[PDB]
>>> print(open('coords_37.pdb').read())   # PDB, C-alpha atoms and all ligand atoms
ATOM      1  CA  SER F   1      -3.087 -20.874   7.198
ATOM      2  CA  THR F   2      -1.219 -17.525   7.086
ATOM      3  CA  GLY F   3       0.519 -15.222   4.554
ATOM      4  CA  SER F   4       3.242 -12.581   4.969
ATOM      5  CA  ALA F   5       4.705 -10.320   2.257
ATOM      6  CA  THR F   6       6.980  -7.249   2.206
ATOM      7  CA  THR F   7       5.613  -4.087   0.611
ATOM      8  CA  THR F   8       8.063  -1.422  -0.576
ATOM      9  CA  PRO F   9       7.577   2.203  -1.682
ATOM     10  CA  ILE F  10       7.935   2.744  -5.428
ATOM     11  CA  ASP F  11       9.777   6.090  -5.020
ATOM     12  CA  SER F  12      11.352   8.491  -2.473
ATOM     13  CA  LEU F  13       7.958  10.111  -1.769
ATOM     14  CA  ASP F  14       6.016   6.886  -0.854
ATOM     15  CA  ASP F  15       3.606   7.643  -3.730
ATOM     16  CA  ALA F  16       2.574   3.956  -3.757
ATOM     17  CA  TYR F  17       3.685   0.610  -2.263
ATOM     18  CA  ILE F  18       4.294  -2.589  -4.346
ATOM     19  CA  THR F  19       4.030  -6.157  -3.032
ATOM     20  CA  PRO F  20       5.240  -9.234  -4.957
ATOM     21  CA  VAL F  21       2.467 -11.682  -5.964
ATOM     22  CA  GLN F  22       2.891 -15.114  -7.578
ATOM     23  CA  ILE F  23       0.350 -15.837 -10.340
ATOM     24  CA  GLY F  24       0.030 -19.089 -12.307
ATOM     25  CA  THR F  25       1.898 -22.394 -12.696
ATOM     26  CA  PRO F  26       4.886 -22.228 -12.880
ATOM     27  CA  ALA F  27       4.804 -18.935 -10.860
ATOM     28  CA  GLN F  28       4.981 -15.562 -12.656
ATOM     29  CA  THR F  29       5.867 -12.847 -10.114
ATOM     30  CA  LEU F  30       4.220  -9.425 -10.533
ATOM     31  CA  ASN F  31       4.519  -6.395  -8.218
ATOM     32  CA  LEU F  32       0.990  -5.297  -7.375
ATOM     33  CA  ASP F  33      -0.398  -2.202  -5.569
ATOM     34  CA  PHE F  34      -2.540  -3.542  -2.623
ATOM     35  CA  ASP F  35      -5.661  -1.410  -2.723
ATOM     36  CA  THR F  36      -8.232  -1.413   0.145
ATOM     37  CA  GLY F  37     -10.309   1.166  -1.848
ATOM     38  CA  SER F  38     -11.065  -1.191  -4.790
ATOM     39  CA  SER F  39     -12.021  -4.856  -5.327
ATOM     40  CA  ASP F  40     -10.497  -5.934  -8.654
ATOM     41  CA  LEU F  41      -7.358  -8.059  -9.083
ATOM     42  CA  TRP F  42      -6.163  -6.752 -12.403
ATOM     43  CA  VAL F  43      -2.785  -7.186 -14.080
ATOM     44  CA  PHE F  44      -0.843  -5.949 -17.141
ATOM     45  CA  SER F  45      -0.731  -8.930 -19.553
ATOM     46  CA  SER F  46       0.250 -10.474 -22.925
ATOM     47  CA  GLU F  47      -3.214  -9.135 -24.138
ATOM     48  CA  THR F  48      -2.614  -5.464 -23.199
ATOM     49  CA  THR F  49      -2.273  -3.045 -26.185
ATOM     50  CA  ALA F  50       1.512  -3.085 -26.947
ATOM     51  CA  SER F  51       1.741   0.769 -27.022
ATOM     52  CA  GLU F  52       0.121   0.916 -23.538
ATOM     53  CA  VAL F  53       2.939  -1.083 -21.845
ATOM     54  CA  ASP F  54       6.104   0.793 -20.729
ATOM     55  CA  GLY F  55       8.388  -1.443 -18.615
ATOM     56  CA  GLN F  56       5.787  -3.450 -16.641
ATOM     57  CA  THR F  57       6.064  -7.254 -16.088
ATOM     58  CA  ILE F  58       3.155  -8.895 -17.927
ATOM     59  CA  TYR F  59       1.089 -11.931 -16.948
ATOM     60  CA  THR F  60       1.024 -14.491 -19.783
ATOM     61  CA  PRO F  61      -1.923 -16.893 -19.291
ATOM     62  CA  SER F  62      -0.808 -19.095 -22.217
ATOM     63  CA  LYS F  63       2.325 -20.057 -20.228
ATOM     64  CA  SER F  64       0.207 -21.080 -17.196
ATOM     65  CA  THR F  65      -1.034 -24.701 -16.899
ATOM     66  CA  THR F  66      -3.695 -23.704 -14.307
ATOM     67  CA  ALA F  67      -5.053 -20.604 -16.213
ATOM     68  CA  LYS F  68      -8.656 -20.918 -17.498
ATOM     69  CA  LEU F  69     -10.481 -18.216 -19.531
ATOM     70  CA  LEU F  70     -13.774 -17.325 -17.810
ATOM     71  CA  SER F  71     -15.830 -17.339 -21.020
ATOM     72  CA  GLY F  72     -17.851 -14.199 -21.737
ATOM     73  CA  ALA F  73     -16.618 -12.415 -18.588
ATOM     74  CA  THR F  74     -15.431  -8.807 -18.985
ATOM     75  CA  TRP F  75     -14.398  -6.035 -16.588
ATOM     76  CA  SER F  76     -13.973  -2.266 -16.693
ATOM     77  CA  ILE F  77     -13.045   0.044 -13.831
ATOM     78  CA  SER F  78     -12.648   3.811 -13.351
ATOM     79  CA  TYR F  79     -10.832   5.215 -10.368
ATOM     80  CA  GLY F  80     -11.460   8.510  -8.539
ATOM     81  CA  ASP F  81      -8.362  10.023 -10.175
ATOM     82  CA  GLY F  82      -9.799   9.670 -13.711
ATOM     83  CA  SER F  83      -7.692   6.585 -14.511
ATOM     84  CA  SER F  84      -9.218   3.429 -16.012
ATOM     85  CA  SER F  85      -8.624  -0.086 -17.343
ATOM     86  CA  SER F  86     -10.658  -2.948 -18.916
ATOM     87  CA  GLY F  87     -10.265  -6.435 -20.415
ATOM     88  CA  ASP F  88     -11.121 -10.123 -20.145
ATOM     89  CA  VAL F  89     -10.991 -12.532 -17.134
ATOM     90  CA  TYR F  90      -9.036 -15.667 -16.237
ATOM     91  CA  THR F  91      -9.053 -17.911 -13.161
ATOM     92  CA  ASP F  92      -5.651 -19.047 -11.809
ATOM     93  CA  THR F  93      -3.669 -19.846  -8.674
ATOM     94  CA  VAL F  94      -2.531 -16.711  -6.827
ATOM     95  CA  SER F  95      -0.137 -16.741  -3.822
ATOM     96  CA  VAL F  96       0.779 -13.878  -1.473
ATOM     97  CA  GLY F  97       3.758 -14.572   0.795
ATOM     98  CA  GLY F  98       3.036 -18.288   1.115
ATOM     99  CA  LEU F  99      -0.793 -17.995   1.207
ATOM    100  CA  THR F 100      -2.332 -19.721  -1.816
ATOM    101  CA  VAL F 101      -5.754 -19.308  -3.407
ATOM    102  CA  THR F 102      -6.781 -21.552  -6.322
ATOM    103  CA  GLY F 103      -9.414 -20.367  -8.835
ATOM    104  CA  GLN F 104      -8.908 -16.661  -8.159
ATOM    105  CA  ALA F 105     -10.325 -14.311 -10.790
ATOM    106  CA  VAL F 106      -7.306 -12.580 -12.424
ATOM    107  CA  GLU F 107      -8.511  -9.731 -14.616
ATOM    108  CA  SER F 108      -6.345  -9.438 -17.739
ATOM    109  CA  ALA F 109      -6.056  -5.844 -19.004
ATOM    110  CA  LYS F 110      -6.640  -5.323 -22.721
ATOM    111  CA  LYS F 111      -6.742  -1.489 -22.353
ATOM    112  CA  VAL F 112      -5.075   0.746 -19.720
ATOM    113  CA  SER F 113      -5.194   4.567 -19.366
ATOM    114  CA  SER F 114      -1.889   6.555 -19.582
ATOM    115  CA  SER F 115      -1.701   6.946 -15.751
ATOM    116  CA  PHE F 116      -0.976   3.189 -15.456
ATOM    117  CA  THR F 117       1.382   3.073 -18.507
ATOM    118  CA  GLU F 118       3.692   5.769 -17.012
ATOM    119  CA  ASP F 119       4.022   3.856 -13.699
ATOM    120  CA  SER F 120       6.540   1.227 -14.945
ATOM    121  CA  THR F 121       7.023  -0.049 -11.350
ATOM    122  CA  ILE F 122       3.322  -1.118 -10.900
ATOM    123  CA  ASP F 123       2.237  -4.328 -12.675
ATOM    124  CA  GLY F 124      -1.384  -4.189 -11.515
ATOM    125  CA  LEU F 125      -3.706  -3.805  -8.526
ATOM    126  CA  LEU F 126      -4.865  -6.250  -5.823
ATOM    127  CA  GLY F 127      -8.250  -5.047  -4.575
ATOM    128  CA  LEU F 128      -8.960  -5.558  -0.809
ATOM    129  CA  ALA F 129     -12.254  -3.593  -0.443
ATOM    130  CA  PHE F 130     -15.611  -5.614  -0.191
ATOM    131  CA  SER F 131     -16.508  -7.898  -3.206
ATOM    132  CA  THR F 132     -19.716  -5.894  -3.852
ATOM    133  CA  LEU F 133     -17.448  -3.370  -5.706
ATOM    134  CA  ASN F 134     -16.000  -5.981  -8.166
ATOM    135  CA  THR F 135     -16.597  -4.985 -11.806
ATOM    136  CA  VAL F 136     -16.691  -8.423 -13.479
ATOM    137  CA  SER F 137     -19.805  -8.820 -15.677
ATOM    138  CA  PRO F 138     -22.086 -10.711 -15.971
ATOM    139  CA  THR F 139     -20.914 -12.733 -12.921
ATOM    140  CA  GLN F 140     -19.363 -10.691 -10.069
ATOM    141  CA  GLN F 141     -16.099 -12.135  -8.671
ATOM    142  CA  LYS F 142     -14.688 -12.358  -5.118
ATOM    143  CA  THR F 143     -11.524 -10.597  -3.867
ATOM    144  CA  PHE F 144      -8.312 -12.496  -2.879
ATOM    145  CA  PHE F 145      -9.128 -11.845   0.802
ATOM    146  CA  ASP F 146     -12.704 -13.207   0.455
ATOM    147  CA  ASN F 147     -11.388 -16.336  -1.276
ATOM    148  CA  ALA F 148      -8.689 -16.918   1.414
ATOM    149  CA  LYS F 149     -11.093 -16.198   4.377
ATOM    150  CA  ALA F 150     -12.106 -19.880   4.916
ATOM    151  CA  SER F 151      -8.449 -21.090   5.084
ATOM    152  CA  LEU F 152      -7.109 -18.232   7.264
ATOM    153  CA  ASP F 153      -6.303 -18.773  10.981
ATOM    154  CA  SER F 154      -8.301 -15.533  11.657
ATOM    155  CA  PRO F 155     -10.347 -13.594   9.047
ATOM    156  CA  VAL F 156      -7.966 -10.576   9.198
ATOM    157  CA  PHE F 157      -5.276  -8.836   7.192
ATOM    158  CA  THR F 158      -2.908  -6.221   8.557
ATOM    159  CA  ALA F 159      -1.275  -3.233   6.819
ATOM    160  CA  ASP F 160       1.993  -1.986   8.342
ATOM    161  CA  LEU F 161       3.307   0.645   5.844
ATOM    162  CA  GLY F 162       6.776   2.105   6.226
ATOM    163  CA  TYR F 163       7.786   5.776   6.086
ATOM    164  CA  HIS F 164      10.482   5.919   3.360
ATOM    165  CA  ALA F 165      11.077   2.227   4.156
ATOM    166  CA  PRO F 166       9.675  -1.284   3.526
ATOM    167  CA  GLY F 167       6.625  -2.579   5.330
ATOM    168  CA  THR F 168       4.464  -5.686   5.674
ATOM    169  CA  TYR F 169       1.042  -7.040   4.662
ATOM    170  CA  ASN F 170       0.057 -10.001   6.888
ATOM    171  CA  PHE F 171      -2.905 -12.320   6.261
ATOM    172  CA  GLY F 172      -4.560 -14.540   8.833
ATOM    173  CA  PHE F 173      -2.734 -13.262  11.942
ATOM    174  CA  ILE F 174      -1.854 -10.275  14.192
ATOM    175  CA  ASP F 175       1.831  -9.708  14.847
ATOM    176  CA  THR F 176       1.964  -8.571  18.535
ATOM    177  CA  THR F 177       5.608  -7.509  18.036
ATOM    178  CA  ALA F 178       4.753  -4.976  15.229
ATOM    179  CA  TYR F 179       2.970  -2.393  17.439
ATOM    180  CA  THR F 180       3.054  -0.684  20.881
ATOM    181  CA  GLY F 181       0.263  -0.314  23.460
ATOM    182  CA  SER F 182      -3.191  -1.646  22.523
ATOM    183  CA  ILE F 183      -5.213  -1.983  19.335
ATOM    184  CA  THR F 184      -8.345   0.232  19.449
ATOM    185  CA  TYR F 185     -11.077  -1.252  17.279
ATOM    186  CA  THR F 186     -13.834   0.772  15.637
ATOM    187  CA  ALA F 187     -17.062  -0.040  13.710
ATOM    188  CA  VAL F 188     -17.029  -0.415   9.924
ATOM    189  CA  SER F 189     -19.958   0.416   7.640
ATOM    190  CA  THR F 190     -19.943  -1.762   4.461
ATOM    191  CA  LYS F 191     -22.937   0.029   2.791
ATOM    192  CA  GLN F 192     -20.706   1.685   0.089
ATOM    193  CA  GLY F 193     -18.376  -1.379  -0.221
ATOM    194  CA  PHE F 194     -15.394   0.317   1.493
ATOM    195  CA  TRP F 195     -13.652   0.009   4.876
ATOM    196  CA  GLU F 196     -15.691   3.033   6.099
ATOM    197  CA  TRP F 197     -15.291   4.184   9.694
ATOM    198  CA  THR F 198     -15.810   7.283  11.886
ATOM    199  CA  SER F 199     -12.865   9.200  13.323
ATOM    200  CA  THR F 200     -13.585  10.954  16.633
ATOM    201  CA  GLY F 201     -11.666  14.160  15.878
ATOM    202  CA  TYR F 202      -8.380  15.891  15.318
ATOM    203  CA  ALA F 203      -5.586  18.075  16.718
ATOM    204  CA  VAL F 204      -3.083  20.245  14.767
ATOM    205  CA  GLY F 205       0.414  20.151  16.316
ATOM    206  CA  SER F 206       0.289  20.646  20.090
ATOM    207  CA  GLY F 207      -3.196  22.282  19.983
ATOM    208  CA  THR F 208      -6.299  21.072  21.830
ATOM    209  CA  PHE F 209      -8.209  18.088  20.431
ATOM    210  CA  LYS F 210     -11.419  18.942  18.579
ATOM    211  CA  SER F 211     -14.087  16.243  19.050
ATOM    212  CA  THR F 212     -15.988  15.954  15.762
ATOM    213  CA  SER F 213     -17.204  13.038  13.637
ATOM    214  CA  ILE F 214     -15.179  12.584  10.462
ATOM    215  CA  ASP F 215     -16.547   9.778   8.298
ATOM    216  CA  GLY F 216     -13.944   8.327   5.912
ATOM    217  CA  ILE F 217     -12.383   5.242   4.318
ATOM    218  CA  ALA F 218      -9.177   3.346   5.094
ATOM    219  CA  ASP F 219      -7.603   3.336   1.611
ATOM    220  CA  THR F 220      -4.126   1.919   0.983
ATOM    221  CA  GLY F 221      -4.519   2.797  -2.719
ATOM    222  CA  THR F 222      -4.629   6.594  -2.064
ATOM    223  CA  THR F 223      -1.369   8.399  -1.283
ATOM    224  CA  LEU F 224      -2.695  11.417   0.596
ATOM    225  CA  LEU F 225      -5.006  12.291   3.478
ATOM    226  CA  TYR F 226      -8.224  13.949   2.172
ATOM    227  CA  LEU F 227     -10.254  15.683   4.922
ATOM    228  CA  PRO F 228     -13.108  18.289   5.087
ATOM    229  CA  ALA F 229     -12.205  21.847   4.060
ATOM    230  CA  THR F 230     -12.707  23.117   7.633
ATOM    231  CA  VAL F 231     -10.083  20.688   9.029
ATOM    232  CA  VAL F 232      -7.590  21.186   6.186
ATOM    233  CA  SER F 233      -7.822  25.016   6.489
ATOM    234  CA  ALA F 234      -7.186  24.768  10.288
ATOM    235  CA  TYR F 235      -4.042  22.665   9.610
ATOM    236  CA  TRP F 236      -2.517  24.846   6.827
ATOM    237  CA  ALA F 237      -3.199  28.047   8.844
ATOM    238  CA  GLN F 238      -0.395  26.845  11.191
ATOM    239  CA  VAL F 239       2.200  26.780   8.340
ATOM    240  CA  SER F 240       3.748  30.164   7.527
ATOM    241  CA  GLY F 241       3.260  31.036   3.848
ATOM    242  CA  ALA F 242       1.042  28.032   3.046
ATOM    243  CA  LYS F 243      -1.784  28.672   0.580
ATOM    244  CA  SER F 244      -4.274  26.853  -1.635
ATOM    245  CA  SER F 245      -3.191  27.034  -5.286
ATOM    246  CA  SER F 246      -5.719  26.499  -8.137
ATOM    247  CA  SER F 247      -2.783  26.132 -10.576
ATOM    248  CA  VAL F 248      -1.213  23.254  -8.599
ATOM    249  CA  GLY F 249      -4.579  21.774  -7.553
ATOM    250  CA  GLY F 250      -4.163  21.959  -3.794
ATOM    251  CA  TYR F 251      -2.311  23.322  -0.792
ATOM    252  CA  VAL F 252       1.394  24.221  -1.242
ATOM    253  CA  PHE F 253       3.861  25.456   1.403
ATOM    254  CA  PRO F 254       7.393  27.004   1.403
ATOM    255  CA  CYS F 255       9.847  24.042   1.316
ATOM    256  CA  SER F 256      11.927  25.717   4.139
ATOM    257  CA  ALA F 257       8.985  25.516   6.639
ATOM    258  CA  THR F 258       8.708  22.829   9.339
ATOM    259  CA  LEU F 259       5.287  21.149   9.385
ATOM    260  CA  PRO F 260       3.265  20.509  12.535
ATOM    261  CA  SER F 261       2.048  16.993  13.236
ATOM    262  CA  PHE F 262      -1.596  15.931  12.709
ATOM    263  CA  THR F 263      -3.525  13.809  15.248
ATOM    264  CA  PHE F 264      -6.691  11.861  14.307
ATOM    265  CA  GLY F 265      -9.055  10.104  16.772
ATOM    266  CA  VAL F 266      -9.885   6.370  16.884
ATOM    267  CA  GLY F 267     -12.471   6.005  19.685
ATOM    268  CA  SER F 268     -10.680   7.364  22.786
ATOM    269  CA  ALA F 269      -7.214   6.650  21.222
ATOM    270  CA  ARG F 270      -5.047   9.096  19.209
ATOM    271  CA  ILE F 271      -2.842   8.428  16.175
ATOM    272  CA  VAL F 272      -0.112  11.048  15.606
ATOM    273  CA  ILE F 273       1.061  11.613  12.023
ATOM    274  CA  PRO F 274       4.518  13.283  12.159
ATOM    275  CA  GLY F 275       4.891  16.543  10.192
ATOM    276  CA  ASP F 276       7.620  15.033   7.888
ATOM    277  CA  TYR F 277       5.020  12.500   6.647
ATOM    278  CA  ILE F 278       2.963  15.504   5.315
ATOM    279  CA  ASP F 279       5.899  16.826   3.139
ATOM    280  CA  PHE F 280       5.475  15.698  -0.508
ATOM    281  CA  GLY F 281       8.470  17.665  -1.868
ATOM    282  CA  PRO F 282       8.777  20.301  -4.598
ATOM    283  CA  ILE F 283       5.800  20.816  -6.999
ATOM    284  CA  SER F 284       8.369  20.741  -9.872
ATOM    285  CA  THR F 285      12.161  20.074  -9.945
ATOM    286  CA  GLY F 286      14.078  23.031  -8.501
ATOM    287  CA  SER F 287      10.940  24.690  -7.088
ATOM    288  CA  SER F 288      10.862  26.168  -3.587
ATOM    289  CA  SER F 289       7.064  25.428  -3.178
ATOM    290  CA  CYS F 290       6.371  21.963  -1.727
ATOM    291  CA  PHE F 291       3.187  19.821  -1.988
ATOM    292  CA  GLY F 292       1.134  19.082   1.133
ATOM    293  CA  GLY F 293       0.106  15.588   2.193
ATOM    294  CA  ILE F 294      -3.197  16.918   3.708
ATOM    295  CA  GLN F 295      -5.703  18.043   1.075
ATOM    296  CA  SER F 296      -9.408  18.953   0.972
ATOM    297  CA  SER F 297     -11.973  16.275   0.103
ATOM    298  CA  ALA F 298     -14.573  18.942  -1.063
ATOM    299  CA  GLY F 299     -14.257  17.929  -4.736
ATOM    300  CA  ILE F 300     -14.048  14.124  -4.075
ATOM    301  CA  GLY F 301     -17.234  13.621  -2.116
ATOM    302  CA  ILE F 302     -15.670  11.251   0.466
ATOM    303  CA  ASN F 303     -12.995  11.622   3.195
ATOM    304  CA  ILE F 304      -9.944   9.405   2.583
ATOM    305  CA  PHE F 305      -7.482   8.134   5.164
ATOM    306  CA  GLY F 306      -4.741   7.282   2.628
ATOM    307  CA  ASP F 307      -1.104   6.158   3.021
ATOM    308  CA  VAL F 308      -0.157   9.435   4.867
ATOM    309  CA  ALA F 309      -2.484   8.471   7.745
ATOM    310  CA  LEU F 310      -2.235   4.642   7.546
ATOM    311  CA  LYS F 311       1.601   4.494   7.533
ATOM    312  CA  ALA F 312       1.592   6.273  10.949
ATOM    313  CA  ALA F 313      -0.250   3.260  12.512
ATOM    314  CA  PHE F 314      -0.480  -0.582  12.660
ATOM    315  CA  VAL F 315      -3.826  -1.261  10.932
ATOM    316  CA  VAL F 316      -6.001  -4.357  11.387
ATOM    317  CA  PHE F 317      -8.635  -4.999   8.704
ATOM    318  CA  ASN F 318     -10.938  -7.442  10.575
ATOM    319  CA  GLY F 319     -13.102  -9.304   8.045
ATOM    320  CA  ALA F 320     -15.236 -11.092  10.679
ATOM    321  CA  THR F 321     -19.131 -11.324  10.235
ATOM    322  CA  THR F 322     -19.272  -7.818  11.731
ATOM    323  CA  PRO F 323     -16.190  -6.148  10.217
ATOM    324  CA  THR F 324     -14.057  -3.759  12.294
ATOM    325  CA  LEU F 325     -10.904  -1.688  11.808
ATOM    326  CA  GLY F 326      -8.170  -1.716  14.453
ATOM    327  CA  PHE F 327      -5.519   0.928  15.015
ATOM    328  CA  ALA F 328      -2.433   0.888  17.183
ATOM    329  CA  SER F 329       0.596   3.158  17.515
ATOM    330  CA  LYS F 330       3.935   1.753  16.271
TER
HETATM  331  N1  LIG I 401      -0.176   8.237 -12.799
HETATM  332  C1  LIG I 401       0.733   8.560 -11.713
HETATM  333  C2  LIG I 401       0.032   8.364 -10.351
HETATM  334  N2  LIG I 401       0.538   7.385  -9.710
HETATM  335  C3  LIG I 401      -0.473   6.712  -9.011
HETATM  336  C4  LIG I 401       0.076   5.585  -8.104
HETATM  337  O1  LIG I 401       1.220   5.975  -7.398
HETATM  338  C5  LIG I 401       2.229   6.618  -8.127
HETATM  339  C6  LIG I 401       1.663   7.780  -8.969
END
>>> encode(input="coords_37.pdb", output="structure tokens")
Amino acid sequence: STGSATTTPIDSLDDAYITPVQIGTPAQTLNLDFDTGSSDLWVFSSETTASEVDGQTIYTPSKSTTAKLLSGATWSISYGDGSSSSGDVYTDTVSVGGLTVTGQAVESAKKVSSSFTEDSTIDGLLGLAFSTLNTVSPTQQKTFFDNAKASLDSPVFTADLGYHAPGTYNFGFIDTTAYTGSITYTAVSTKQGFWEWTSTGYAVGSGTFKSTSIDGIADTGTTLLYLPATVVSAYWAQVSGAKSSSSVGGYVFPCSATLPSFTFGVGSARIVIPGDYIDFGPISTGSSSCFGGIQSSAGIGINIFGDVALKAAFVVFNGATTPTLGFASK
């Protein structure tokens, strides 16, 4: 079997992408953020603290004939950005673009931090990292992808994110019409529970390619590209007037400047991120300082290939016995 769903940016900056998901019987459609950096399927619900809901569509397990409370099961998660959520757990039927999984753990949020409340366009997250990162206690639960694996034509899912435009998440197949040239595959380490891989280097604009190992994760749930301080300094040195600002919490550049492209290595292949993709607009309304899409990972502890990098490529998340990541130009 296969699944295919459209993902659309939540705003004009591509801060996040939402994908419609059908939960329960009869179906309740929620727009979830597909996250390859986490492994919990959690949704805003009829149980969430009333004051912590601001415009989101809630999942109501009482109106679902296939919903079953997983007795005693609880979950709590904290993301790298200081945001968090927690609650109880249900099992229910979940479908993504025609691909159905019965008995999927659907984590019902009782408490959400303010970061989630203020994003009225995001009804929850669909974790696509490895199931070893799932926070359900005392019995760990499997991701949607792990549960669908047996039924899928091929154990793969593809991410094809648009730049200021809709994109696609495909499950169980590779669309040969969605990319150009060849797919270069690279090894994945699952030791930390992420889609961790090693990039073979970088180039800033039309400069020479620097061969160096950059270990990082393919994370659809992170907006920006977070790279080592050495790389990020070499990039922003090519932008006139760019500087690192402690007040803003990162690199800012004069909005009138034109940004060079950024190339990252995948084996012997090269993925070119256009300079426009690195522009994240004014730091505040009316400001002439703009926020950069390439930031230092020095304070995070891990390099992240977020939406900025992923949206420049067709990305294959191969969940075979030996998992691999594939990249093609599009
Ligand atoms: N809390 C606001 C941060 N969010 C995170 C997800 O994308 C949009 C912006």
>>> closest_residue(input="coords_37.pdb", among="F:87, F:221, F:299, F:267", to="ligand LIG 401 (chain I)", atoms="all atoms listed in the file")
F:221
>>> atom_distance(input="coords_37.pdb", atom1="atom CA of residue 88 of chain F", atom2="atom CA of residue 70 of chain F")
8.0 Å
>>> resolve_selection(input="coords_37.pdb", expression="the PyMOL selection byres (((not hetatm)) within 8 of (chain I and resi 401))", output="MDAnalysis selection string")
chainID F and resid 10 15:17 83 114:119 122 221:223
>>> closest_residue(input="coords_37.pdb", among="F:25, F:45, F:295, F:102", to="residue 243 of chain F", atoms="all atoms listed in the file")
F:295
>>> closest_atom_pairs(input="coords_37.pdb", of="segment 158-242 of chain F", to="segment 128-147 of chain F", cutoff="7 Å", atoms="only C-alpha atoms", output="JSON lines")
{"residue": "F:193", "atom": "CA", "partner": "F:130", "partner_atom": "CA", "distance": 5.1}
{"residue": "F:194", "atom": "CA", "partner": "F:129", "partner_atom": "CA", "distance": 5.4}
{"residue": "F:195", "atom": "CA", "partner": "F:129", "partner_atom": "CA", "distance": 6.6}
>>> resolve_selection(input="coords_37.pdb", expression="the PyMOL selection byres (((chain F and resi 327) around 6) and not hetatm)", output="number ranges by chain")
F: 183-184, 314-315, 326, 328
>>> residues_near_point(input="coords_37.pdb", point="(-4.9, 5.4, -3.7)", cutoff="12 Å", atoms="all atoms listed in the file", output="PyMOL selection string")
chain F and resi 14-17+33-38+79-83+125-127+217-226+304-308+310
>>> atom_distance(input="coords_37.pdb", atom1="atom CA of residue 257 of chain F", atom2="atom CA of residue 166 of chain F")
27.0 Å
>>> closest_residue(input="coords_37.pdb", among="F:28, F:22, F:48, F:212", to="residue 95 of chain F", atoms="only C-alpha atoms")
F:22
>>> residues_around(input="coords_37.pdb", residues="residue 32 of chain F", least_positions_apart="5", cutoff="9 Å", atoms="all atoms listed in the file", output="ChimeraX atom specification")
/F:17-21,41-43,121-126
>>> decode(input="coords_37.pdb", residues="segment 122-133 of chain F", atoms="N, CA, C and O atoms", output="compact mmCIF listing (two decimals), in the first residue's frame")
# COMPACT_ATOMS: atom_id res chain seq x y z
N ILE F 122 -1.19 24.98 13.93
CA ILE F 122 -0.64 23.63 14.15
C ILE F 122 -1.43 22.87 15.22
O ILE F 122 -1.45 23.28 16.39
N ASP F 123 -2.09 21.80 14.82
CA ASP F 123 -2.93 21.00 15.72
C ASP F 123 -2.21 19.87 16.45
O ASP F 123 -2.83 19.15 17.22
N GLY F 124 -0.93 19.71 16.19
CA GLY F 124 -0.13 18.67 16.82
C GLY F 124 1.05 18.26 15.97
O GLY F 124 1.26 18.82 14.89
N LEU F 125 1.82 17.28 16.45
CA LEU F 125 3.00 16.81 15.73
C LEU F 125 2.89 15.33 15.34
O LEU F 125 2.28 14.55 16.06
N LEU F 126 3.48 14.95 14.21
CA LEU F 126 3.53 13.55 13.80
C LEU F 126 5.02 13.19 13.73
O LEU F 126 5.72 13.62 12.81
N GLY F 127 5.51 12.52 14.76
CA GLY F 127 6.91 12.15 14.85
C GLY F 127 7.29 11.05 13.88
O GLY F 127 6.62 10.01 13.84
N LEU F 128 8.37 11.27 13.09
CA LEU F 128 8.94 10.35 12.09
C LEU F 128 10.43 10.00 12.34
O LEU F 128 11.10 9.46 11.45
N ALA F 129 10.94 10.28 13.57
CA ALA F 129 12.29 9.81 13.92
C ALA F 129 12.15 8.26 14.32
O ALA F 129 11.10 7.65 14.03
N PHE F 130 13.19 7.62 14.89
CA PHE F 130 13.11 6.22 15.29
C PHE F 130 12.29 6.07 16.59
O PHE F 130 12.30 6.99 17.43
N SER F 131 11.54 4.96 16.75
CA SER F 131 10.66 4.74 17.91
C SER F 131 11.36 4.65 19.26
O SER F 131 10.71 4.78 20.29
N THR F 132 12.70 4.53 19.28
CA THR F 132 13.46 4.55 20.52
C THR F 132 13.35 5.92 21.23
O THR F 132 13.66 5.99 22.42
N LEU F 133 12.91 6.99 20.53
CA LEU F 133 12.76 8.31 21.15
C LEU F 133 11.35 8.58 21.68
O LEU F 133 11.12 9.67 22.20
